[PDB]
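Protein chains in written order, with PDB author numbering: chain A, 14 to 272; chain 2, 1 to 46; chain Q, 2 to 94. Where is the CB? At the ideal position from N, CA and C, for every residue including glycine. This report concerns only the one structure given below.
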Amino acid sequence: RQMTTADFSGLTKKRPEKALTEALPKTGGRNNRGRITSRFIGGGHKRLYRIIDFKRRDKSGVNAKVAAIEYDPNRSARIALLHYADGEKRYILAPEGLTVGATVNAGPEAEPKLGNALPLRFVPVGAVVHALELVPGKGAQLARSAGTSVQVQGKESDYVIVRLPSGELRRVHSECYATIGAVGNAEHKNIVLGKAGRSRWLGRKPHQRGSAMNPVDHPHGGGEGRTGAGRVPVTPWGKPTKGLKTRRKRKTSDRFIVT
Amino acid sequence: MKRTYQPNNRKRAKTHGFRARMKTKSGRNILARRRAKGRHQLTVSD
Amino acid sequence: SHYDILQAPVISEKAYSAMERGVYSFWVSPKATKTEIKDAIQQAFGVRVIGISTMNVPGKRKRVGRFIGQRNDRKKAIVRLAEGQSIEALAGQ
RNA sequence: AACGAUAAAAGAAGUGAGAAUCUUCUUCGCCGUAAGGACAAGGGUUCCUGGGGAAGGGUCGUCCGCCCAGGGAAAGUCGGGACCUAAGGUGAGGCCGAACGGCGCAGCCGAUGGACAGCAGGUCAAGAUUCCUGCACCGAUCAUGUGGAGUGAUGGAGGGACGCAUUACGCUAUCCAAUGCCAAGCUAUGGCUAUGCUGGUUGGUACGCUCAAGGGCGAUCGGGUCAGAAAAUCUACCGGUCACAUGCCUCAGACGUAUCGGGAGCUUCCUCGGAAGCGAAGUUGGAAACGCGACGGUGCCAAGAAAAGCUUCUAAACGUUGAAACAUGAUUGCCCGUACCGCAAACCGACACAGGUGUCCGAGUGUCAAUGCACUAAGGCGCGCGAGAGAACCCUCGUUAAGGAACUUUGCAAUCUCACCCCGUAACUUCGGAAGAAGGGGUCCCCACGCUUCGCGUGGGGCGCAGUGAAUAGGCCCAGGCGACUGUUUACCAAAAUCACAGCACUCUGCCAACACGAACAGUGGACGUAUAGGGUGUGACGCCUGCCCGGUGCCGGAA
RNA sequence: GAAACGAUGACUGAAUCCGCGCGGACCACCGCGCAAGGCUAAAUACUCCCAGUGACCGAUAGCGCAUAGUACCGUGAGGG
Ligand SMILES: [Mg+2]
Ligand SMILES: [Mg+2]
Ligand SMILES: [Mg+2]
Ligand SMILES: [Mg+2]
Ligand SMILES: [Mg+2]
Ligand SMILES: [Mg+2]
Ligand SMILES: [Mg+2]
Ligand SMILES: [Mg+2]
Ligand SMILES: [Mg+2]
Ligand SMILES: [Mg+2]
Ligand SMILES: [Mg+2]
Ligand SMILES: [Mg+2]
Ligand SMILES: [Mg+2]
Ligand SMILES: [Mg+2]
Ligand SMILES: [Mg+2]
Ligand SMILES: [Mg+2]
Ligand SMILES: [Mg+2]
Ligand SMILES: [Mg+2]
Ligand SMILES: [Mg+2]
Ligand SMILES: [Mg+2]
Ligand SMILES: [Mg+2]
Ligand SMILES: [Mg+2]
Ligand SMILES: [Mg+2]
Ligand SMILES: [Mg+2]
Ligand SMILES: [Mg+2]
Ligand SMILES: [Mg+2]
Ligand SMILES: [Mg+2]
Ligand SMILES: [Mg+2]
Ligand SMILES: [Mg+2]
Ligand SMILES: [Mg+2]
Ligand SMILES: [Mg+2]
Ligand SMILES: [Mg+2]
Ligand SMILES: [Mg+2]
Numbered sequence: 014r015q016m017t018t019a020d021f022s023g024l025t026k027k028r029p030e031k032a033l034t035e036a037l038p039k040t041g042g043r044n045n046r047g048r049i050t051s052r053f054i055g056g057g058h059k060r061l062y063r064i065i066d067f068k069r070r071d072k073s074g075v076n077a078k079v080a081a082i083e084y085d086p087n088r089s090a091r092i093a094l095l096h097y098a099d100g101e102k103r104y105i106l107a108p109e110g111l112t113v114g115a116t117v118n119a120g121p122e123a124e125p126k127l128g129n130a131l132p133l134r135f136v137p138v139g140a141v142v143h144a145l146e147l148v149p150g151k152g153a154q155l156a157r158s159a160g161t162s163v164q165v166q167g168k169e170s171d172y173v174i175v176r177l178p179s180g181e182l183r184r185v186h187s188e189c190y191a192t193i194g195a196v197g198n199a200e201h202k203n204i205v206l207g208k209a210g211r212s213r214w215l216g217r218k219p220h221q222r223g224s225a226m227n228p229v230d231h232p233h234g235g236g237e238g239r240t241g242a243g244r245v246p247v248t249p250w251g252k253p254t255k256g257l258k259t260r261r262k263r264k265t266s267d268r269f270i271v272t
Numbered sequence: 001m002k003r004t005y006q007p008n009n010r011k012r013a014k015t016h017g018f019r020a021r022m023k024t025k026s027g028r029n030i031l032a033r034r035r036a037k038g039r040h041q042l043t044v045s046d
Numbered sequence: 002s003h004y005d006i007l008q009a010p011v012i013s014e015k016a017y018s019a020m021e022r023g024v025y026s027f028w029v030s031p032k033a034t035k036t037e038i039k040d041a042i043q044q045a046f047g048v049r050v051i052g053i054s055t056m057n058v059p060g061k062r063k064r065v066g067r068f069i070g071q072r073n074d075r076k077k078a079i080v081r082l083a084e085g086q087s088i089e090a091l092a093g094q
């Protein structure tokens with residue numbers, strides 16, 4: 014769903030369940046000491062951080078009930094505020110179809126039902142999960158985003174195959190946790206973003222094409238009128254395919270990375 | 001015609017200060033150098 | 002100790018004209034505190050103090066020469082006592 | 001040549017060796033969302049008083065922000081510190097490093113923010129929630145009486161706690177009207193004789209059964225231990241019983257009574273002009289905030305600091321007999337700032353410079369509204385050369401016959417147009433716009449009747465060349481080129497057709513990610529993000545759309 | 001360079017007195033020396049300071065200064 018109109022815009026999103034409740038402050042910044050390292054990003058409106066439970070282990074064997082499903086900035090992911098029988102309230106990112114006031118059990122013996130958050134060896138094949146723990150313990154580095162999913166494929170010994178959103182297949186051992194279902198935030202992607210400055214509500218001041226800069230500034234800089242040569246960034250690497258990975262440990266846990 | 005100098009005591013003193021020259025040794029060099037230039041006068045008193 | 006801490010009494014139209022209200026005005030050591038001026042005004046002229054207030058002050062001129070000047074740089078206290086009054090023989094100025 | 005804005009002066013009186021320039025008087029003109037007033041910065045005695053006249057002052061000077069001397073600055077309550085924390089700074093141990101040194105958990109520093117006890121007046125030549133007077137308030141120690149028992153941690157909790165837009169109700173600040181009151185006197189010019197004219201018309205505290213919008217409020221019994229390290233009577237949850245109208249709670253503010261103030265003026269000595277005394281009434285009606293009642297209501301996406309004081313709970317400890325708490329006096333109250341300038345002759349501009357400088361207040365009349373515009377209160381000011389002349393030329397203006405763009409690179413410039421109400425309004429459109437299209441009418445005064453109010457509607461009458469009668473005040477249209485658009489850019493010759501822009505595409509990157517800062521198997525940014533994400537690159541809303549060629553260059557893949 | 005010898009950063013890693021290193025690729029011979037442990041006046045350099053002296057200055061000279069790192073310029077280093 015979206016808003017639609019005339020007066021010069023397109024497509025805002027729409028949300029239920031509103032609270033404004035309980036976690037740490039965050040503070041915007043771009044440069045890191047001297048010259049800005051991660052480029053642009055100097056704008057933005059005043060976000061706060063929400064501590065979110067990726068690990069979800071020590072709550073093992075303990076059921077919970079969804080309080081509400083809340084909007085969080087810095088996210089693109091619906092978050093469900095969980096409350097446990099323990100009394101402990103914990104923010105857990107909300108998947109598609111996860112209702113308000115549903116009940117989500119934690120722990121390994123919990124059924125592959127929505128949100129139930131179990132390890133892979135107990136997850137029946139083909140099933141869809143999100144928030145995938147990479148190395149047992151720690152937390153989920155995989156599929157934390159909107160509409161992003163992972164599909165379990167037949168395991169090995171302690172190890173399982175998974176199809177990540179990129180399409181790449183990964184070896185990930187079954188000792189790792191995961192959450193059942195895919196994390197929607199509906200379809201975030203088709204938001205229109207309207208006009209500029211909206212891109213500025215959040216990140217800041219997007220691409221400055223090197224081709225308008227000067228020979229001193231960028232490789233693309235210089236000349237008379239709009240043109241090209243080369244094909245390359247801040248430093249001469251290029252737009253198109255150059256494998257940027259280094260030959261490494263991880264690389265033996267990847268089977269058919271394609272796209 | 002907003003000019004360059006905007007007197008601000010705290011600024012002036014927090015850059016340029018005796019304390020501020022203590023912070024570093026390029027500073028401490030300045031200090032000894034000046035002491036040597038003959039009793040000059042110094043950074044905070046001005 | 003006691004007899005230190007006060008340089009000289011403030012002497013001027015305002016001072017002496019306010020001396021009549023039983024209010025005494027001294028210059029004191031610039032580094033010194035209110036309670037110190039209090040303990041020192043009592044035990045010097047031996048009269049209990051209620052009202053006390055203090056001030057700092059600049060100096061700063063030249064007579065002549067290329068020198069301009071430095072500064073004088075003083076502190077000034079004012080006190081009003083209890084119904085016990087009339088400091089010293091200096092109450093008749 | 002110039003004497004620093006075309007806001008403007010004149011006379012009299014005075015002082016003096018000397019006055020266009022200093023003082024006093026009386027007029028004039030100028031500002032008045034300031035050219036008035038209050039702070040913060042910054043500046044340092046520039047303040048006040050008494051002198052002075054070299055130089056500074058664009059002339060003059062008896063004068064000054066200049067020179068000399070002397071005084072002036074007062075705080076438990078205002079602002080800062082002995083309180084807290086943000087970014088950042090620092091940082092024992094700790095991580096790196098040819099040296100110097102770079103990092104870094106806790107902790108500490110750091111207001112631009114949190115917390116926190118006073119108000120009303122009086123006056124030095126010069127100070128003012130600072131002194132004085134009036135009543136008041138906060139904490140701290142002690143003392144008397146009650147109580148006659150628990151107190152409550154470097155620890156838990158709750159709380160402090162936070163956005164933008166828009167908006168209902170009730171106020172007050174505050175302003176207006178009057179045949180309300182009060183007070184002073186006159187009046188003439190033709191009139192008025194008060195119904196005229198002028199001025200003032202309440203501030204704090206306390207009490208009070210008076211009027212009062214608005215504001216927010218649940219409570220205990222209890223269950224699990226897997227929750228807050230443990231604890232806990234506390235907090236989260238879960239469950240049970242009493243919260244559908246109520247209604248406990250609170251008073252903004254008004255009203256009353258009293259009290260302390262103040263109040264126009266009047267009195268009185270006047271030492272060249274102040275000082276002391278005295279003290280009138282406070283009415284009805286209307287307007288009203290960005291302030292107050294409040295942490296109100298509603299909607300929105302881009303999703304809106306932290307920490308301490310604060311409240312609640314125990315651990316430890318001391319005591320459970322002298323506790324905590326209350327109020328009753330008493331005692332106690334440290335440090336720093338506090339003058340004066342402060343949209344400017346005192347700050348930054350080399351200068352007494354047409355420049356710049358963050359916040360707050362900023363009256364009245366007329367004007368749909370207003371911080372606009374004219375005039376004007378209070379207040380402040382006539383810009384530190386001056387006097388004549390009325391040539392050329394120049395600058396800034398007013399009017400102009402006939403003509404009307406013939407000027408000229410170009411209608412450059414300068415006119416015209418100009419507010420508000422009504423009628424009316426095109427191709428084209430992405431159906432919003434184009435559009436204030438274009439065009440036409442109205443506009444002042446009096447009286448009558450009507451409505452819903454500042455007022456408007458209708459009718460009639462009137463006056464001038466003219467009625468947004470002065471000031472503020474769009475000329476319009478038809479075609480194209482470029483970019484869609486709001487926006488951004490060459491501080492000091494270029495504002496654009498440049499740059500960015502939503503949207504699109506290629507490609508990279510599987511997380512100690514790619515990428516980037518970097519002595520560095522340190523740290524950090526990417527990101528407390530995880531492929532609907534992040535980097536790079538190019539195009540550049542939207543609409544149809546995007547062809548042929550990989551030989552060479554690159555990139556991806558391959559193995560004899 | 002025909003590059004010995006010393007010196008380390010990486011990697012190997014010995015003998016020991018009929019033993020060991022050197023003698024400028026290297027070998028034999030002949031000589032010279034005994035590493036991988038330490039300390040150590042004197043002759044040597046310099047002039048903030050003090051003394052004496054000068055075919056050195058004498059006020060645009062001589063230090064920048066017949067005293068001033070002051071006045072003055074600058075945010076500052078700095079200049080003067
Ligand atoms: Mg360019
Ligand atoms: Mg280049
Ligand atoms: Mg190029
Ligand atoms: Mg006092
Ligand atoms: Mg003080
Ligand atoms: Mg002339
Ligand atoms: Mg002038
Ligand atoms: Mg003066
Ligand atoms: Mg003179
Ligand atoms: Mg003169
Ligand atoms: Mg009247
Ligand atoms: Mg008369
Ligand atoms: Mg009247
Ligand atoms: Mg003042
Ligand atoms: Mg000026
Ligand atoms: Mg300004
Ligand atoms: Mg106003
Ligand atoms: Mg007005
Ligand atoms: Mg105006
Ligand atoms: Mg003239
Ligand atoms: Mg004509
Ligand atoms: Mg005519
Ligand atoms: Mg004509
Ligand atoms: Mg011609
Ligand atoms: Mg024109
Ligand atoms: Mg006529
Ligand atoms: Mg106009
Ligand atoms: Mg454009
Ligand atoms: Mg320019
Ligand atoms: Mg220009
Ligand atoms: Mg060797
Ligand atoms: Mg001479
Ligand atoms: Mg000389």
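Residue span of the alpha helix (DSSP H) that contains residue 57 (chain Q), given as start and end: What you label residue 57 (chain Q) is simply residue 56 of the third sequence in a count that begins at 1. It is not in any alpha helix (DSSP H) - residue 57 (chain Q) instead sits in the beta strand (DSSP E) that spans 50–58.
I'd like to know whether the C-beta atoms of residue 172 (chain A) and residue 163 (chain A) end up nearer to each other than 9 Å. Here residue 172 (chain A) refers to the residue found at position 159 when the first sequence is read from its first residue. Here residue 163 (chain A) refers to the residue found at position 150 when the first sequence is read from its first residue. Cβ distance not < 9 Å, so residue 172 (chain A) and residue 163 (chain A) don't count as in contact.
Select from 90 (chain A), 234 (chain A) and 236 (chain A) the residue whose C-alpha is nearest the C-alpha of residue 156 (chain A). As a first step, residue 156 (chain A) is located in the first sequence; it is residue number 143 there, counting from the start. Closest by alpha carbon: 90 (chain A).
Counting only runs of 3+ residues fully inside the stretch 102–155 of chain A, write out the beta strand (DSSP E) ranges in chain order. The stretch 102–155 of chain A contains these whole beta strand (DSSP E) runs: 102–106, 116–118, 141–143 and 153–155.
Short of 8 Å in beta carbon distance, which residues of its chain neighbour residue 239 (chain A), apart from the five on each side in sequence? Order them along the chain. Start at 1 with the first residue of the first sequence, and residue 239 (chain A) comes out as number 226. The residues are 224.
Verify the contact flag: residue 234 (chain A), CB atom, against every heavy atom of ligand 1, threshold strictly below 8 Å. Against the first sequence, residue 234 (chain A) aligns to sequence position 221. Residue 234 (chain A) Cβ: within cutoff of ligand 1.
Straight-line gap, residue 43 (chain 2) to residue 69 (chain Q) (C-alpha atoms, nearest Å): Along the second sequence, read from residue 1 onward, the residue named residue 43 (chain 2) stands at position 43. Along the third sequence, read from residue 1 onward, the residue named residue 69 (chain Q) stands at position 68. In a straight line, the C-alpha of residue 43 (chain 2) is about 21 Å away from that of residue 69 (chain Q).
Reduced DSSP secondary structure (H/G/I, E/B, other) of residue 161 (chain A): Taking the first sequence and counting its residues from 1, the one referred to as residue 161 (chain A) is at position 148. Looking at residue 161 (chain A) - three-state DSSP - the assignment turns out to be strand.
Grab me the residues of residue 178 (chain A)'s own chain with a C-beta within less than 8 Å of its C-beta, minus the 5 sequence neighbours each way, in chain order. Along the first sequence, read from residue 1 onward, the residue named residue 178 (chain A) stands at position 165. 156, 158, 161, 162 and 163.
Host beta strand (DSSP E) of residue 7 (chain Q) (start-end): As a position in the third sequence, residue 7 (chain Q) is number 6, starting the count at 1. First-last of the beta strand (DSSP E) with residue 7 (chain Q): 7–10.
In terms of residue numbering, what span does the alpha helix (DSSP H) encompassing residue 17 (chain Q) cover? In the third sequence, the residue the question calls residue 17 (chain Q) occupies position 16. It spans 14–20 - the alpha helix (DSSP H) in which residue 17 (chain Q) sits, taken as one unbroken run.
What's the C-alpha gap between residue 13 (chain Q) and residue 37 (chain 2)? Position 12 of the third sequence, counted from the first residue, corresponds to residue 13 (chain Q). Position 37 of the second sequence, counted from the first residue, corresponds to residue 37 (chain 2). The alpha-carbon of residue 13 (chain Q) is positioned some 47 Å away from that of residue 37 (chain 2).
For ligand 2, any of its heavy atoms closer than 8 Å to the Cβ of residue 137 (chain A)? As a working mapping, residue 137 (chain A) is identified with position 124 in the first sequence. It does not: the Cβ of residue 137 (chain A) is nowhere closer than 8 Å to a heavy atom of ligand 2.
Should the stretch 212–231 of chain A be regarded as contacting the stretch 34–54 of chain A, the criterion being three or more beta carbon pairs within less than 8 Å? Enough Cβ pairs lie closer than 8 Å, so yes.
Uninterrupted alpha helix (DSSP H) stretches inside the stretch 199–229 of chain A (no shorter than 4 residues): For the stretch 199–229 of chain A, the continuous alpha helix (DSSP H) assignments of 4+ residues that do not extend past its boundaries occur at 212–215, in sequence order.
Leaving out five residues before and five after residue 37 (chain A) in sequence, what residues of the same chain have Cβ atoms less than 7 Å from its Cβ? For the purposes of this step, residue 37 (chain A) is taken as the residue at position 24 of the first sequence. Counting only Cβ-Cβ distances below 7 Å, and skipping sequence neighbours, we find 62 and 64.
For the stretch 249–258 of chain A against the stretch 68–83 of chain A, are there 3 or more C-beta pairs whose distance is under 8 Å? Touching, no.
Three Cβ pairs or more, each shorter than 8 Å: is that satisfied between the stretch 39–50 of chain A and the stretch 189–208 of chain A? Flag = no, the stretch 39–50 of chain A and the stretch 189–208 of chain A do not touch.
Taking DSSP as the reference, what is the three-state secondary structure of residue 82 (chain Q)? As a first step, residue 82 (chain Q) must be located in the third sequence, where it is residue number 81. Three-state DSSP puts residue 82 (chain Q) in a strand.
Relative to the C-alpha of residue 26 (chain A), which residue among 268 (chain A), 149 (chain A) and 206 (chain A) is closest? Translated into positions along the first sequence, residue 26 (chain A) becomes position 13. Scanning 268 (chain A), 149 (chain A) and 206 (chain A) for the CA closest to the CA of residue 26 (chain A) turns up 206 (chain A).
Who pairs with residue 268 (chain A) in a beta bridge, going by DSSP? Within the first sequence, residue 268 (chain A) is the residue found at index 255, counting from 1. In the DSSP assignment, the residues bridged to residue 268 (chain A) are 182 (chain A).
Residue 216 (chain A) beta carbon less than 9 Å from that of residue 57 (chain A): On the first sequence, residue 57 (chain A) is found 44 positions in, with the first residue counted as 1. On the first sequence, residue 216 (chain A) is found 203 positions in, with the first residue counted as 1. The Cβ atoms of residue 57 (chain A) and residue 216 (chain A) sit closer than 9 Å to each other.
In terms of alpha-carbon separation, which member of 242 (chain A), 248 (chain A) and 241 (chain A) lies closest to residue 231 (chain A)? If you number the first sequence from 1, residue 231 (chain A) lands on position 218. For the residues 242 (chain A), 248 (chain A) and 241 (chain A), the minimum Cα distance to residue 231 (chain A) belongs to 248 (chain A).
Considering Cα atoms alone, identify which of 165 (chain A), 142 (chain A), 76 (chain A) and 116 (chain A) is closest to residue 98 (chain A). For this step, residue 98 (chain A) is matched to residue 85 along the first sequence. Restricting attention to 165 (chain A), 142 (chain A), 76 (chain A) and 116 (chain A), the CA atom closest to the CA of residue 98 (chain A) is found in 76 (chain A).
Do residue 80 (chain Q) and residue 39 (chain Q) come within 9 Å of each other at the CB atom, strictly closer than that value? In the third sequence, residue 39 (chain Q) corresponds to position 38, counting from 1. In the third sequence, residue 80 (chain Q) corresponds to position 79, counting from 1. Against a cut-off of 9 Å, the Cβ pair of residue 80 (chain Q) and residue 39 (chain Q) comes out as a contact.
For the alpha helix (DSSP H) that residue 78 (chain A) lies in, which residues bound it at each end? Mapped onto the first sequence, residue 78 (chain A) falls at position 65. Premise fails: residue 78 (chain A) lies in the beta strand (DSSP E), 76–83, not in any alpha helix (DSSP H).
8 Å contact criterion, which residue 183 (chain A) and residue 267 (chain A) should meet: CB distance rounded: Walking along the first sequence from the start, residue 183 (chain A) turns up at place 170. Walking along the first sequence from the start, residue 267 (chain A) turns up at place 254. Taking C-beta atoms under 8 Å as the contact rule, residue 183 (chain A) and residue 267 (chain A) qualify, at a distance of about 6 Å.
Pull up the DSSP beta-bridge partners for residue 25 (chain Q), would you. Here residue 25 (chain Q) refers to the residue found at position 24 of the third sequence. In DSSP, residue 25 (chain Q) forms a bridge with 80 (chain Q).
Same chain, Cβ closer than 6 Å to residue 74 (chain Q), five either side skipped, listed in chain order: Numbered from its first residue, the third sequence carries residue 74 (chain Q) at position 73. Closer than 6 Å at Cβ, skipping near neighbours: 60.
Within the same chain, show all residues whose beta-carbon is closer than 8 Å to that of residue 8 (chain Q), passing over the 5 residues directly before and after it, in chain order. In the third sequence, counting from the first residue as 1, residue 8 (chain Q) sits at position 7. The residues are 27, 28, 29, 30 and 75.
What is the DSSP secondary structure of residue 62 (chain Q), counted as helix, strand or coil? Against the third sequence, residue 62 (chain Q) aligns to sequence position 61. Residue state for residue 62 (chain Q) is assigned as coil, using DSSP reduced to three classes.
Spell out the partners DSSP gives residue 75 (chain Q) in its beta bridges. Residue numbering aside, residue 75 (chain Q) sits at position 74 when the third sequence is read from its first letter. DSSP lists 58 (chain Q) as partners of residue 75 (chain Q).
Can you name the start and end residues of the alpha helix (DSSP H) that residue 32 (chain 2) belongs to? Translated into the one-based positions of the second sequence, residue 32 (chain 2) becomes position 32. Unbroken alpha helix (DSSP H) run through residue 32 (chain 2): 25–36.
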